[PDB]
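> The structure under discussion is supplied below as structure tokens; questions concerning it will follow.
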Amino acid sequence: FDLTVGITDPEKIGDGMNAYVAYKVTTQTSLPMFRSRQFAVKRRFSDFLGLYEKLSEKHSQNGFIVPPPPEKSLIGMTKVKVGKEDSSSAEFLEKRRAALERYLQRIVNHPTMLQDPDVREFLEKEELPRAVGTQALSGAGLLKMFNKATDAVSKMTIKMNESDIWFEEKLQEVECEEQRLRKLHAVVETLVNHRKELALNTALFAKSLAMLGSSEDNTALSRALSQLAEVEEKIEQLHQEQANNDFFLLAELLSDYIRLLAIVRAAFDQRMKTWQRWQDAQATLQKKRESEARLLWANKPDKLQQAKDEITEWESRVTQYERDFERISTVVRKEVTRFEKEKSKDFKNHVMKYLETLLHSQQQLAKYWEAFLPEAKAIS
């Protein structure tokens, strides 16, 4: 594919806890909207997730499409229940690279919206913001929590429509899906915890083999020790690397999938808010504009002229608003088709997971079978 990038060098920006690490990002992309086929940008995260939130409010006001999260920091000791930094030290940075690769693929997926060239030049250049990216100003979400009371009394008048009759099956379906995937997330991470004492238990078994194989001269047993401890460690590292990396990656996949679900909840909540905007707009239009109109025999036709201009231009823009809401419903449905395509993509990620699972399991496992049976003809 035309997107050929490379992200290396987790360079730290000094001492602290969960603030900033620089990324050597080399981009060799085709498709000449990318400038000159050879760029190498140094980008620090927890700075352009604020750019992503500018993108978030931007597509709130105009109904565009953003890509997967450019996951930030302030996560190891805050907001996560919990996160570890020795496992992060290169590997969760590789998880940032995975979320950024999905970011790159789906920012290519909206190519006309990819041609908002300001943010593309923001990504492919270096003008990096300062270190003030740790604050709390979520008062917009506070006002959403305030307006939730009006949502709870208007939701029936929302439900009288027809597009949500096409949509609400997906709502209840994704509700039972999110319940059963948050439960499966929890039990998967319970196995991720389980395997650690599994590995310590079997490693101390191999150590106790090495212990209790002393004080004896049955030297075939000594070779059995020296072969069994290391093949136990092979099995240990094998199911250990599987048991962490793919489980916690599928967990991050479902986690920012839930994030995508929450932001599309908020997307048709914004559609709801603009719905009631034109709703009470036309309501107050009819009421106060006919109250202006009914006083015509008080002989001042200028009030009639301004009331006519009010009803005319105001109904034109309100009708414009609701069929543009039909338009944004259609582009939401095309985005719905797009994320069933990424349902196919991450189901394909589990498919290629079991593909490499059967592959490396069979080749490594049967490889030391066919390499350790000819020494176990009769040597232990």
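Ordering of the structure tokens sets the chain letters (A, B, ...); residue numbers start at 1 within each chain; ligands are numbered from 1 in the order shown.
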Which polymer residues have any atom within 10 Å of an atom of segment 77-94 of chain A, counting only C-alpha atoms, with same-chain residues fewer than 6 positions away left out, as a PyMOL selection string?
chain A and resi 7-10+17-18+21+23+71+100+245+249
> Taking N, CA and C atoms for each residue, export the selection above as a PDB file, in the first residue's frame.

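As a result, again_0.pdb now contains:
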ATOM      1  N   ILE A   7       8.418   4.160  12.385  1.00  0.00           N
ATOM      2  CA  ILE A   7       8.411   4.898  13.645  1.00  0.00           C
ATOM      3  C   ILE A   7       9.397   4.223  14.588  1.00  0.00           C
ATOM      4  N   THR A   8      10.450   4.944  14.968  1.00  0.00           N
ATOM      5  CA  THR A   8      11.511   4.395  15.807  1.00  0.00           C
ATOM      6  C   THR A   8      11.837   5.389  16.916  1.00  0.00           C
ATOM      7  N   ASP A   9      12.874   5.043  17.690  1.00  0.00           N
ATOM      8  CA  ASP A   9      13.579   5.856  18.681  1.00  0.00           C
ATOM      9  C   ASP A   9      12.682   6.490  19.737  1.00  0.00           C
ATOM     10  N   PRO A  10      12.225   5.728  20.730  1.00  0.00           N
ATOM     11  CA  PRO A  10      11.478   6.337  21.837  1.00  0.00           C
ATOM     12  C   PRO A  10      12.359   7.202  22.730  1.00  0.00           C
ATOM     13  N   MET A  17       6.963  11.393  35.370  1.00  0.00           N
ATOM     14  CA  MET A  17       6.072  10.240  35.281  1.00  0.00           C
ATOM     15  C   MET A  17       4.979  10.555  34.271  1.00  0.00           C
ATOM     16  N   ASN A  18       5.018   9.854  33.129  1.00  0.00           N
ATOM     17  CA  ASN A  18       3.950   9.819  32.122  1.00  0.00           C
ATOM     18  C   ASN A  18       3.698  11.192  31.492  1.00  0.00           C
ATOM     19  N   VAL A  21       7.463  11.495  25.349  1.00  0.00           N
ATOM     20  CA  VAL A  21       8.541  10.739  24.714  1.00  0.00           C
ATOM     21  C   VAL A  21       8.521  11.060  23.223  1.00  0.00           C
ATOM     22  N   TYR A  23       9.297  10.656  19.180  1.00  0.00           N
ATOM     23  CA  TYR A  23       9.197   9.549  18.234  1.00  0.00           C
ATOM     24  C   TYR A  23       9.897   9.919  16.937  1.00  0.00           C
ATOM     25  N   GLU A  71      -3.229   7.843  20.976  1.00  0.00           N
ATOM     26  CA  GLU A  71      -3.154   7.714  22.461  1.00  0.00           C
ATOM     27  C   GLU A  71      -2.055   8.572  23.094  1.00  0.00           C
ATOM     28  N   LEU A 100      -1.449   4.423  16.060  1.00  0.00           N
ATOM     29  CA  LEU A 100      -1.065   5.417  15.072  1.00  0.00           C
ATOM     30  C   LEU A 100      -1.072   4.846  13.660  1.00  0.00           C
ATOM     31  N   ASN A 245       0.778 -10.659  24.480  1.00  0.00           N
ATOM     32  CA  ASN A 245       0.780  -9.609  23.459  1.00  0.00           C
ATOM     33  C   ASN A 245      -0.525  -9.582  22.680  1.00  0.00           C
ATOM     34  N   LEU A 249      -3.570  -6.737  23.174  1.00  0.00           N
ATOM     35  CA  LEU A 249      -3.747  -5.940  21.931  1.00  0.00           C
ATOM     36  C   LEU A 249      -5.217  -6.025  21.522  1.00  0.00           C
TER      37      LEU A 249
END
> Give me the residues near segment 174-188 of chain A as a VMD selection string, where near means some atom within 12 Å (using only C-alpha atoms) and where sequence neighbours in that chain fewer than 5 positions away do not count.
chain A and resid 81 167 to 169 193 to 195 243 to 262 264 to 265
> How many Å lie between atom CA of residue 351 of chain A and atom CA of residue 363 of chain A, rounded to one decimal?
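One can read the atom CA of residue 351 of chain A to atom CA of residue 363 of chain A distance as 18.1 Å.
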> I need the residues in segment 46-78 of chain A that are alpha helix (DSSP H) according to DSSP; give them as a tab-separated table (two decimals) with C-alpha atoms, in the first residue's frame.

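part.tsv, freshly written:
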chain	number	residue	atom	x	y	z
A	49	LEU	CA	-4.15	14.55	20.84
A	50	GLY	CA	-5.21	18.12	21.55
A	51	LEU	CA	-5.08	18.50	17.77
A	52	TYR	CA	-7.23	15.35	17.66
A	53	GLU	CA	-9.69	17.01	20.02
A	54	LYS	CA	-9.74	20.05	17.75
A	55	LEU	CA	-10.57	17.48	15.05
A	56	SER	CA	-13.22	16.09	17.42
A	57	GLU	CA	-14.98	19.43	17.89
A	58	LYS	CA	-14.45	20.13	14.17
A	59	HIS	CA	-16.33	17.05	13.04
A	60	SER	CA	-18.86	17.80	15.75
A	61	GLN	CA	-19.67	21.07	13.99
A	62	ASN	CA	-19.42	19.75	10.42
> Please list as a PyMOL selection string every residue within 7 Å of residue 20 of chain A, counting only C-alpha atoms and excluding residues in the same chain fewer than 4 positions away.
chain A and resi 12-13+44-46+73
> Please save N, CA, C and O atoms of the selected residues as a short mmCIF file (atom, residue, chain, number, x, y, z; two decimals), in the first residue's frame.

data_model
loop_
_atom_site.label_atom_id
_atom_site.label_comp_id
_atom_site.auth_asym_id
_atom_site.auth_seq_id
_atom_site.Cartn_x
_atom_site.Cartn_y
_atom_site.Cartn_z
N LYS A 12 13.25 10.05 25.29
CA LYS A 12 12.62 10.69 26.43
C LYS A 12 12.98 12.17 26.51
O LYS A 12 14.00 12.61 25.97
N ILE A 13 12.15 12.93 27.22
CA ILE A 13 12.28 14.38 27.26
C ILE A 13 12.66 14.75 28.69
O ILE A 13 12.28 15.81 29.21
N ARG A 44 6.33 14.43 19.16
CA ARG A 44 6.07 14.10 20.56
C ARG A 44 4.57 13.98 20.78
O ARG A 44 3.81 14.88 20.41
N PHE A 45 4.15 12.88 21.40
CA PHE A 45 2.75 12.68 21.69
C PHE A 45 2.35 13.47 22.94
O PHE A 45 3.16 14.21 23.51
N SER A 46 1.08 13.33 23.32
CA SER A 46 0.38 14.16 24.31
C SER A 46 0.37 15.64 23.93
O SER A 46 0.24 16.50 24.80
N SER A 73 -0.27 10.37 26.94
CA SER A 73 0.35 9.84 28.18
C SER A 73 -0.49 10.22 29.39
O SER A 73 -1.71 10.33 29.23
#
> Need the shell around residue 274 of chain A: protein/DNA/RNA residues with any atom at most 12 Å away, counting only C-alpha atoms. Skip same-chain ones fewer than 2 positions apart. Format as an mmCIF file with N, CA, C and O atoms, in the first residue's frame?

data_model
loop_
_atom_site.group_PDB
_atom_site.id
_atom_site.type_symbol
_atom_site.label_atom_id
_atom_site.label_comp_id
_atom_site.auth_asym_id
_atom_site.auth_seq_id
_atom_site.Cartn_x
_atom_site.Cartn_y
_atom_site.Cartn_z
ATOM 1 N N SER A 60 -17.592 17.553 15.088
ATOM 2 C CA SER A 60 -18.864 17.800 15.749
ATOM 3 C C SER A 60 -19.623 18.908 15.037
ATOM 4 O O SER A 60 -20.834 18.790 14.821
ATOM 5 N N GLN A 61 -18.938 19.989 14.649
ATOM 6 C CA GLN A 61 -19.666 21.067 13.989
ATOM 7 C C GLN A 61 -19.942 20.789 12.513
ATOM 8 O O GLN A 61 -20.875 21.379 11.962
ATOM 9 N N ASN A 62 -19.171 19.915 11.846
ATOM 10 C CA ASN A 62 -19.421 19.754 10.417
ATOM 11 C C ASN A 62 -19.613 18.309 9.961
ATOM 12 O O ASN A 62 -19.750 18.075 8.753
ATOM 13 N N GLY A 63 -19.641 17.344 10.872
ATOM 14 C CA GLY A 63 -19.971 15.978 10.503
ATOM 15 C C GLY A 63 -18.914 15.250 9.702
ATOM 16 O O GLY A 63 -19.255 14.490 8.787
ATOM 17 N N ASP A 151 -32.389 16.001 27.426
ATOM 18 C CA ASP A 151 -32.364 14.819 26.564
ATOM 19 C C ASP A 151 -33.342 13.758 27.058
ATOM 20 O O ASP A 151 -34.072 13.145 26.263
ATOM 21 N N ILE A 158 -37.634 12.628 19.838
ATOM 22 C CA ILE A 158 -36.617 12.114 18.921
ATOM 23 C C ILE A 158 -37.072 10.793 18.304
ATOM 24 O O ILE A 158 -37.021 10.623 17.082
ATOM 25 N N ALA A 267 -22.101 11.637 18.748
ATOM 26 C CA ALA A 267 -22.360 12.181 17.417
ATOM 27 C C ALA A 267 -23.855 12.291 17.138
ATOM 28 O O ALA A 267 -24.346 13.363 16.749
ATOM 29 N N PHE A 268 -24.611 11.208 17.350
ATOM 30 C CA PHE A 268 -26.042 11.440 17.153
ATOM 31 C C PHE A 268 -26.693 12.140 18.341
ATOM 32 O O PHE A 268 -27.828 12.598 18.209
ATOM 33 N N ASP A 269 -25.996 12.295 19.470
ATOM 34 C CA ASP A 269 -26.473 13.232 20.481
ATOM 35 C C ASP A 269 -26.366 14.673 19.994
ATOM 36 O O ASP A 269 -27.238 15.497 20.281
ATOM 37 N N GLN A 270 -25.304 14.995 19.255
ATOM 38 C CA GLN A 270 -25.213 16.313 18.633
ATOM 39 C C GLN A 270 -26.257 16.478 17.540
ATOM 40 O O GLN A 270 -26.802 17.575 17.352
ATOM 41 N N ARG A 271 -26.544 15.394 16.810
ATOM 42 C CA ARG A 271 -27.658 15.408 15.864
ATOM 43 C C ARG A 271 -28.988 15.650 16.570
ATOM 44 O O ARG A 271 -29.844 16.377 16.061
ATOM 45 N N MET A 272 -29.159 15.064 17.755
ATOM 46 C CA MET A 272 -30.328 15.306 18.595
ATOM 47 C C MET A 272 -30.421 16.763 19.035
ATOM 48 O O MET A 272 -31.514 17.348 19.058
ATOM 49 N N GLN A 276 -33.434 19.379 18.073
ATOM 50 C CA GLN A 276 -34.274 20.222 18.915
ATOM 51 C C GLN A 276 -33.995 21.708 18.710
ATOM 52 O O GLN A 276 -34.883 22.521 18.985
ATOM 53 N N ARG A 277 -32.810 22.068 18.191
ATOM 54 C CA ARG A 277 -32.553 23.447 17.773
ATOM 55 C C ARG A 277 -33.499 23.885 16.664
ATOM 56 O O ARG A 277 -34.172 24.914 16.786
ATOM 57 N N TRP A 278 -33.575 23.119 15.568
ATOM 58 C CA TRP A 278 -34.509 23.558 14.529
ATOM 59 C C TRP A 278 -35.955 23.325 14.950
ATOM 60 O O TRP A 278 -36.849 24.032 14.473
ATOM 61 N N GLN A 279 -36.190 22.390 15.879
ATOM 62 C CA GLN A 279 -37.535 22.125 16.379
ATOM 63 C C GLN A 279 -38.097 23.322 17.138
ATOM 64 O O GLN A 279 -39.164 23.852 16.794
ATOM 65 N N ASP A 280 -37.387 23.785 18.172
ATOM 66 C CA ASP A 280 -37.904 24.955 18.868
ATOM 67 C C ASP A 280 -37.691 26.238 18.075
ATOM 68 O O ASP A 280 -38.402 27.216 18.324
ATOM 69 N N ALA A 281 -36.790 26.229 17.081
ATOM 70 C CA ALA A 281 -36.686 27.352 16.156
ATOM 71 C C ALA A 281 -37.969 27.528 15.354
ATOM 72 O O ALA A 281 -38.531 28.628 15.310
ATOM 73 N N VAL A 318 -34.208 26.665 7.998
ATOM 74 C CA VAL A 318 -34.559 25.516 8.840
ATOM 75 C C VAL A 318 -34.798 24.261 7.997
ATOM 76 O O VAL A 318 -34.345 23.158 8.353
ATOM 77 N N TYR A 321 -31.581 23.083 7.041
ATOM 78 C CA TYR A 321 -30.979 22.373 8.161
ATOM 79 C C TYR A 321 -31.451 20.930 8.221
ATOM 80 O O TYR A 321 -30.628 20.026 8.368
ATOM 81 N N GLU A 322 -32.759 20.680 8.064
ATOM 82 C CA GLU A 322 -33.180 19.291 8.252
ATOM 83 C C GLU A 322 -32.838 18.399 7.058
ATOM 84 O O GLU A 322 -32.549 17.208 7.263
ATOM 85 N N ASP A 324 -30.100 18.875 5.307
ATOM 86 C CA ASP A 324 -28.688 18.657 5.583
ATOM 87 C C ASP A 324 -28.483 17.666 6.719
ATOM 88 O O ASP A 324 -27.448 16.999 6.767
ATOM 89 N N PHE A 325 -29.454 17.543 7.623
ATOM 90 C CA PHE A 325 -29.367 16.511 8.651
ATOM 91 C C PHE A 325 -29.633 15.144 8.048
ATOM 92 O O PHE A 325 -29.063 14.138 8.483
ATOM 93 N N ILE A 328 -26.212 14.413 6.604
ATOM 94 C CA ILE A 328 -25.227 13.922 7.558
ATOM 95 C C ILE A 328 -25.638 12.553 8.079
ATOM 96 O O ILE A 328 -24.777 11.757 8.455
#
> List the neighbours of residue 115 of chain A out to 12 Å using only C-alpha atoms; skip same-chain residues closer than 6 positions along the sequence, and give me the result as an MDAnalysis selection string.
chainID A and resid 31:34 64 107:109 121
> Include C-alpha atoms and write out the residues we just selected as a PDB file, in the first residue's frame.

ATOM      1  CA  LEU A  31       0.269   9.514  -3.425  1.00  0.00           C
ATOM      2  CA  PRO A  32       1.851  12.936  -4.091  1.00  0.00           C
ATOM      3  CA  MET A  33      -0.334  14.835  -1.642  1.00  0.00           C
ATOM      4  CA  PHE A  34       2.526  13.599   0.510  1.00  0.00           C
ATOM      5  CA  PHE A  64     -16.564  14.780   9.318  1.00  0.00           C
ATOM      6  CA  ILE A 107      -6.996   9.072   7.819  1.00  0.00           C
ATOM      7  CA  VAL A 108      -6.249   7.761   4.309  1.00  0.00           C
ATOM      8  CA  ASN A 109      -9.781   6.192   4.349  1.00  0.00           C
ATOM      9  CA  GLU A 121       1.023  19.531   7.152  1.00  0.00           C
TER      10      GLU A 121
END
> So, with only C-alpha atoms as the atoms that count, which of A:128, A:375, A:65, A:172 lies closest to residue 331 of chain A?
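Result for the nearest residue to residue 331 of chain A: A:65.
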> Could you check how far atom CA of residue 306 of chain A sits from atom CA of residue 288 of chain A, in Å to one decimal?
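Between these atoms lies a distance of 12.3 Å.
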> Measuring atom to atom with only C-alpha atoms, identify which of A:148, A:239, A:42, A:223 is nearest to residue 357 of chain A.
A:239
> Counting only C-alpha atoms, which residue out of A:300, A:124, A:116, A:316 sits closest to residue 36 of chain A?
A:124
> Have a look at atom CA of residue 232 of chain A and atom CA of residue 367 of chain A and let me know their distance in Å, one decimal.
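We find that atom CA of residue 232 of chain A and atom CA of residue 367 of chain A lie 14.9 Å from each other.
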> Please identify all polymer residues within 9 Å of segment 368-372 of chain A, counting only C-alpha atoms, omitting same-chain residues fewer than 5 positions from it, and present them as a PDB file with N, CA and C atoms, in the first residue's frame.

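around.pdb was written with the following content:
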ATOM      1  N   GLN A 227      17.536 -31.223  30.051  1.00  0.00           N
ATOM      2  CA  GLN A 227      16.689 -31.080  28.874  1.00  0.00           C
ATOM      3  C   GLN A 227      15.286 -30.581  29.213  1.00  0.00           C
ATOM      4  N   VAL A 231      13.266 -27.098  27.985  1.00  0.00           N
ATOM      5  CA  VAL A 231      12.059 -27.166  27.153  1.00  0.00           C
ATOM      6  C   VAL A 231      10.840 -26.628  27.897  1.00  0.00           C
ATOM      7  N   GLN A 363       5.370 -24.836  13.866  1.00  0.00           N
ATOM      8  CA  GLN A 363       6.751 -24.908  13.396  1.00  0.00           C
ATOM      9  C   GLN A 363       7.732 -24.952  14.562  1.00  0.00           C
ATOM     10  N   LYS A 377      16.329 -40.626  21.321  1.00  0.00           N
ATOM     11  CA  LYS A 377      16.341 -42.035  20.944  1.00  0.00           C
ATOM     12  C   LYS A 377      16.675 -42.901  22.154  1.00  0.00           C
TER      13      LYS A 377
END
> Can you tell me, as a ChimeraX atom specification, which residues in segment 25-149 of chain A count as strand (DSSP E) by DSSP?
/A:25-27,39-44
